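coords_25.pdb (PDB, C-alpha atoms and all ligand atoms)
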```
ATOM      1  CA  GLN H   1      27.537 -10.260 -12.994  1.00  0.00           C
ATOM      2  CA  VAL H   2      27.739  -8.008  -9.960  1.00  0.00           C
ATOM      3  CA  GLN H   3      24.791  -7.860  -7.594  1.00  0.00           C
ATOM      4  CA  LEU H   4      24.601  -5.148  -4.906  1.00  0.00           C
ATOM      5  CA  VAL H   5      22.353  -5.076  -1.855  1.00  0.00           C
ATOM      6  CA  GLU H   6      21.902  -1.891   0.215  1.00  0.00           C
ATOM      7  CA  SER H   7      20.723  -1.823   3.768  1.00  0.00           C
ATOM      8  CA  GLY H   8      20.416   0.607   6.664  1.00  0.00           C
ATOM      9  CA  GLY H   9      17.875   3.089   5.233  1.00  0.00           C
ATOM     10  CA  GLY H  10      14.553   4.136   6.754  1.00  0.00           C
ATOM     11  CA  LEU H  11      13.380   7.093   8.838  1.00  0.00           C
ATOM     12  CA  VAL H  12      15.620   9.415  10.876  1.00  0.00           C
ATOM     13  CA  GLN H  13      15.289  12.698  12.841  1.00  0.00           C
ATOM     14  CA  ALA H  14      16.862  15.784  11.215  1.00  0.00           C
ATOM     15  CA  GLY H  15      20.300  16.333  12.783  1.00  0.00           C
ATOM     16  CA  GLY H  16      20.660  12.587  13.216  1.00  0.00           C
ATOM     17  CA  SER H  17      22.850   9.850  11.693  1.00  0.00           C
ATOM     18  CA  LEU H  18      22.489   6.679   9.699  1.00  0.00           C
ATOM     19  CA  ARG H  19      24.976   4.189   8.304  1.00  0.00           C
ATOM     20  CA  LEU H  20      24.214   2.495   5.011  1.00  0.00           C
ATOM     21  CA  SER H  21      25.859  -0.747   3.914  1.00  0.00           C
ATOM     22  CA  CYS H  22      26.275  -2.211   0.472  1.00  0.00           C
ATOM     23  CA  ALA H  23      27.067  -5.928   0.133  1.00  0.00           C
ATOM     24  CA  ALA H  24      28.546  -6.861  -3.292  1.00  0.00           C
ATOM     25  CA  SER H  25      28.873 -10.231  -5.077  1.00  0.00           C
ATOM     26  CA  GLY H  26      31.627  -9.620  -7.600  1.00  0.00           C
ATOM     27  CA  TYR H  27      34.401  -7.140  -8.353  1.00  0.00           C
ATOM     28  CA  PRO H  28      34.147  -3.686  -9.892  1.00  0.00           C
ATOM     29  CA  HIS H  29      34.752  -3.395 -13.667  1.00  0.00           C
ATOM     30  CA  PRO H  30      35.681  -1.867 -16.054  1.00  0.00           C
ATOM     31  CA  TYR H  31      36.903   0.632 -13.455  1.00  0.00           C
ATOM     32  CA  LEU H  32      37.568   0.053  -9.859  1.00  0.00           C
ATOM     33  CA  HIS H  33      35.464   2.543  -8.000  1.00  0.00           C
ATOM     34  CA  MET H  34      32.468   1.917  -5.740  1.00  0.00           C
ATOM     35  CA  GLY H  35      30.050   4.775  -5.406  1.00  0.00           C
ATOM     36  CA  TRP H  36      26.983   5.997  -3.521  1.00  0.00           C
ATOM     37  CA  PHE H  37      24.471   8.021  -5.435  1.00  0.00           C
ATOM     38  CA  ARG H  38      21.041   9.319  -4.543  1.00  0.00           C
ATOM     39  CA  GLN H  39      17.939  10.294  -6.401  1.00  0.00           C
ATOM     40  CA  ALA H  40      15.064  12.327  -5.090  1.00  0.00           C
ATOM     41  CA  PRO H  41      11.684  12.527  -6.902  1.00  0.00           C
ATOM     42  CA  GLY H  42      11.718  14.875  -9.916  1.00  0.00           C
ATOM     43  CA  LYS H  43      15.484  15.223  -9.777  1.00  0.00           C
ATOM     44  CA  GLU H  44      18.560  13.939 -11.554  1.00  0.00           C
ATOM     45  CA  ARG H  45      20.591  11.226  -9.853  1.00  0.00           C
ATOM     46  CA  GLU H  46      23.373  12.798  -7.885  1.00  0.00           C
ATOM     47  CA  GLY H  47      26.726  11.418  -6.828  1.00  0.00           C
ATOM     48  CA  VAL H  48      27.309  11.426  -3.098  1.00  0.00           C
ATOM     49  CA  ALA H  49      30.620   9.660  -2.384  1.00  0.00           C
ATOM     50  CA  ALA H  50      32.999   7.262  -4.136  1.00  0.00           C
ATOM     51  CA  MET H  51      36.128   5.320  -3.343  1.00  0.00           C
ATOM     52  CA  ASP H  52      38.755   3.601  -5.326  1.00  0.00           C
ATOM     53  CA  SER H  53      38.826  -0.121  -4.584  1.00  0.00           C
ATOM     54  CA  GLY H  54      42.404  -0.106  -5.934  1.00  0.00           C
ATOM     55  CA  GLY H  55      43.756   2.350  -3.494  1.00  0.00           C
ATOM     56  CA  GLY H  56      41.240   3.591  -1.007  1.00  0.00           C
ATOM     57  CA  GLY H  57      41.168   7.222  -2.093  1.00  0.00           C
ATOM     58  CA  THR H  58      37.786   8.941  -1.592  1.00  0.00           C
ATOM     59  CA  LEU H  59      35.751  11.723  -3.298  1.00  0.00           C
ATOM     60  CA  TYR H  60      32.652  13.547  -1.997  1.00  0.00           C
ATOM     61  CA  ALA H  61      29.972  15.754  -3.459  1.00  0.00           C
ATOM     62  CA  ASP H  62      30.080  19.339  -2.144  1.00  0.00           C
ATOM     63  CA  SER H  63      26.503  18.765  -0.842  1.00  0.00           C
ATOM     64  CA  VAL H  64      27.798  16.243   1.757  1.00  0.00           C
ATOM     65  CA  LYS H  65      31.377  17.281   2.472  1.00  0.00           C
ATOM     66  CA  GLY H  66      32.172  17.107   6.167  1.00  0.00           C
ATOM     67  CA  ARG H  67      29.021  15.161   7.002  1.00  0.00           C
ATOM     68  CA  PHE H  68      29.256  11.875   5.094  1.00  0.00           C
ATOM     69  CA  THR H  69      32.063   9.320   5.085  1.00  0.00           C
ATOM     70  CA  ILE H  70      32.591   6.381   2.693  1.00  0.00           C
ATOM     71  CA  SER H  71      34.583   3.311   3.712  1.00  0.00           C
ATOM     72  CA  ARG H  72      35.054  -0.316   2.874  1.00  0.00           C
ATOM     73  CA  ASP H  73      35.700  -3.795   4.234  1.00  0.00           C
ATOM     74  CA  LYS H  74      37.641  -5.769   1.588  1.00  0.00           C
ATOM     75  CA  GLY H  75      37.217  -9.034   3.502  1.00  0.00           C
ATOM     76  CA  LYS H  76      33.510  -8.653   3.460  1.00  0.00           C
ATOM     77  CA  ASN H  77      33.259  -7.055   0.018  1.00  0.00           C
ATOM     78  CA  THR H  78      31.072  -4.391   1.639  1.00  0.00           C
ATOM     79  CA  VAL H  79      31.162  -0.601   1.382  1.00  0.00           C
ATOM     80  CA  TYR H  80      29.594   1.804   3.910  1.00  0.00           C
ATOM     81  CA  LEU H  81      28.200   5.297   3.932  1.00  0.00           C
ATOM     82  CA  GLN H  82      28.177   7.040   7.333  1.00  0.00           C
ATOM     83  CA  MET H  83      25.700   9.889   7.153  1.00  0.00           C
ATOM     84  CA  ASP H  84      25.824  12.440   9.933  1.00  0.00           C
ATOM     85  CA  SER H  85      24.099  15.790  10.527  1.00  0.00           C
ATOM     86  CA  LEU H  86      21.256  14.739   8.215  1.00  0.00           C
ATOM     87  CA  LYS H  87      18.852  17.312   6.798  1.00  0.00           C
ATOM     88  CA  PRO H  88      15.448  17.069   5.171  1.00  0.00           C
ATOM     89  CA  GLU H  89      17.027  17.721   1.753  1.00  0.00           C
ATOM     90  CA  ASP H  90      19.061  14.534   2.142  1.00  0.00           C
ATOM     91  CA  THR H  91      15.803  12.551   1.728  1.00  0.00           C
ATOM     92  CA  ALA H  92      16.199  10.288  -1.307  1.00  0.00           C
ATOM     93  CA  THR H  93      16.673   6.728  -2.523  1.00  0.00           C
ATOM     94  CA  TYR H  94      20.387   5.904  -1.993  1.00  0.00           C
ATOM     95  CA  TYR H  95      22.002   3.562  -4.446  1.00  0.00           C
ATOM     96  CA  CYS H  96      25.249   1.655  -4.322  1.00  0.00           C
ATOM     97  CA  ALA H  97      27.107   1.261  -7.646  1.00  0.00           C
ATOM     98  CA  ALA H  98      30.165  -0.611  -8.747  1.00  0.00           C
ATOM     99  CA  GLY H  99      32.574  -0.571 -11.656  1.00  0.00           C
ATOM    100  CA  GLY H 100      32.666   3.122 -12.560  1.00  0.00           C
ATOM    101  CA  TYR H 101      34.887   6.128 -11.980  1.00  0.00           C
ATOM    102  CA  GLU H 102      34.516   8.711  -9.270  1.00  0.00           C
ATOM    103  CA  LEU H 103      31.038  10.324  -9.313  1.00  0.00           C
ATOM    104  CA  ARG H 104      30.535   9.855 -13.066  1.00  0.00           C
ATOM    105  CA  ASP H 105      27.297   7.972 -12.932  1.00  0.00           C
ATOM    106  CA  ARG H 106      27.324   6.966 -16.613  1.00  0.00           C
ATOM    107  CA  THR H 107      30.502   4.957 -16.037  1.00  0.00           C
ATOM    108  CA  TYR H 108      28.827   2.641 -13.563  1.00  0.00           C
ATOM    109  CA  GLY H 109      27.312  -0.519 -15.000  1.00  0.00           C
ATOM    110  CA  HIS H 110      26.205  -2.196 -11.792  1.00  0.00           C
ATOM    111  CA  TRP H 111      23.600  -0.706  -9.528  1.00  0.00           C
ATOM    112  CA  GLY H 112      21.685  -1.717  -6.425  1.00  0.00           C
ATOM    113  CA  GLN H 113      17.919  -1.387  -6.197  1.00  0.00           C
ATOM    114  CA  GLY H 114      18.436   1.416  -3.649  1.00  0.00           C
ATOM    115  CA  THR H 115      17.450   1.994  -0.018  1.00  0.00           C
ATOM    116  CA  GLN H 116      15.047   4.824   0.860  1.00  0.00           C
ATOM    117  CA  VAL H 117      16.237   7.416   3.437  1.00  0.00           C
ATOM    118  CA  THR H 118      13.737   9.907   4.803  1.00  0.00           C
ATOM    119  CA  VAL H 119      14.796  12.668   7.196  1.00  0.00           C
ATOM    120  CA  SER H 120      12.184  14.583   9.132  1.00  0.00           C
ATOM    121  CA  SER H 121      11.602  18.215   9.587  1.00  0.00           C
TER     122      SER H 121
HETATM  123 NI    NI H 201      29.603  -6.281 -15.483  1.00  0.00          NI
END
```

As structure tokens, how would this structure be written, given the file I've shared?
Amino acid sequence: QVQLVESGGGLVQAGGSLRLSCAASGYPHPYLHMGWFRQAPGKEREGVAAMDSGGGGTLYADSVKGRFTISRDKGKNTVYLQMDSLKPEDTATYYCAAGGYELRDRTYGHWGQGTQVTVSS
């Protein structure tokens, strides 16, 4: 019952910055987190960042600590991922997810289609 639409992906120079957005239709259940995950070809899906809709507390993967920032706009029911100091190994499809807990992907039952991010060398 929740639809999620990512935007902001595409092509960026290594060292550069992007900001992804995720527009959501409904509210997260059965838990209250919104999360960004990413999946590169041949690899497992990886958690990137998550935040508690209940009380705005945030969690990051070690891989992106100090470079990425998650935030939200309650009024717009949108979350954001600010992605700075990008590297070629950050290339992936980035997904927004709702209704899970922290970076436990199996707890999320609502997923976007994903937005591709490609960072040069
Ligand atoms: Ni549902």

Inset, instruction - For stretch 9-20 of chain H, please output as an NGL selection string all residues within 7 Å (counting only C-alpha atoms; exclusion window: fewer than 5 positions along the same chain). - result: :H and (80-88 or 115-121)

Inset, instruction - Skip stretch 33-40 of chain H itself and residues of its chain fewer than 6 positions away, then list as number ranges by chain all residues within 9 Å of it, counting all atoms listed in the file. - result: H: 46-54, 70, 79-81, 89-103, 105, 108, 114

Only C-alpha atoms, please: the residues just picked out, written as a PDB file, keeping the file's coordinate frame.
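Just written: out.pdb:
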```pdb
ATOM      1  CA  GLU H  46      23.373  12.798  -7.885  1.00  0.00           C
ATOM      2  CA  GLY H  47      26.726  11.418  -6.828  1.00  0.00           C
ATOM      3  CA  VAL H  48      27.309  11.426  -3.098  1.00  0.00           C
ATOM      4  CA  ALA H  49      30.620   9.660  -2.384  1.00  0.00           C
ATOM      5  CA  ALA H  50      32.999   7.262  -4.136  1.00  0.00           C
ATOM      6  CA  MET H  51      36.128   5.320  -3.343  1.00  0.00           C
ATOM      7  CA  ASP H  52      38.755   3.601  -5.326  1.00  0.00           C
ATOM      8  CA  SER H  53      38.826  -0.121  -4.584  1.00  0.00           C
ATOM      9  CA  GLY H  54      42.404  -0.106  -5.934  1.00  0.00           C
ATOM     10  CA  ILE H  70      32.591   6.381   2.693  1.00  0.00           C
ATOM     11  CA  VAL H  79      31.162  -0.601   1.382  1.00  0.00           C
ATOM     12  CA  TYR H  80      29.594   1.804   3.910  1.00  0.00           C
ATOM     13  CA  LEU H  81      28.200   5.297   3.932  1.00  0.00           C
ATOM     14  CA  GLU H  89      17.027  17.721   1.753  1.00  0.00           C
ATOM     15  CA  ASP H  90      19.061  14.534   2.142  1.00  0.00           C
ATOM     16  CA  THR H  91      15.803  12.551   1.728  1.00  0.00           C
ATOM     17  CA  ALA H  92      16.199  10.288  -1.307  1.00  0.00           C
ATOM     18  CA  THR H  93      16.673   6.728  -2.523  1.00  0.00           C
ATOM     19  CA  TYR H  94      20.387   5.904  -1.993  1.00  0.00           C
ATOM     20  CA  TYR H  95      22.002   3.562  -4.446  1.00  0.00           C
ATOM     21  CA  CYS H  96      25.249   1.655  -4.322  1.00  0.00           C
ATOM     22  CA  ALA H  97      27.107   1.261  -7.646  1.00  0.00           C
ATOM     23  CA  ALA H  98      30.165  -0.611  -8.747  1.00  0.00           C
ATOM     24  CA  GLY H  99      32.574  -0.571 -11.656  1.00  0.00           C
ATOM     25  CA  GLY H 100      32.666   3.122 -12.560  1.00  0.00           C
ATOM     26  CA  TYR H 101      34.887   6.128 -11.980  1.00  0.00           C
ATOM     27  CA  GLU H 102      34.516   8.711  -9.270  1.00  0.00           C
ATOM     28  CA  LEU H 103      31.038  10.324  -9.313  1.00  0.00           C
ATOM     29  CA  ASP H 105      27.297   7.972 -12.932  1.00  0.00           C
ATOM     30  CA  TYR H 108      28.827   2.641 -13.563  1.00  0.00           C
ATOM     31  CA  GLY H 114      18.436   1.416  -3.649  1.00  0.00           C
TER      32      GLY H 114
END
```

Legend entry - Proximity to ligand NI 201 (chain H) - best of H:45, H:2, H:21, H:73, all atoms listed in the file: H:2

Inset, instruction - List all protein, DNA and RNA residues that have an atom no more than 7 Å from any atom of ligand NI 201 (chain H), counting only C-alpha atoms and all ligand atoms, and report them as a list in words. - result: residues 1, 2, 29, 109 and 110 of chain H

Legend entry - Point-to-point distance in Å for atom CA of residue H:41 and atom CA of residue H:4: 22.0 Å

Legend entry - Point-to-point distance in Å for atom CA of residue H:63 and atom CA of residue H:25: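 Distance between the two atoms: 29.4 Å.
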
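Taking atom CA of residue H:24 and atom CA of residue H:5 as the two end points, the separation is 6.6 Å.
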
Legend entry - Option closest in space to residue H:112, from H:8, H:68, H:28, H:22 [counting only C-alpha atoms]: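 Nearest to residue H:112: H:22.
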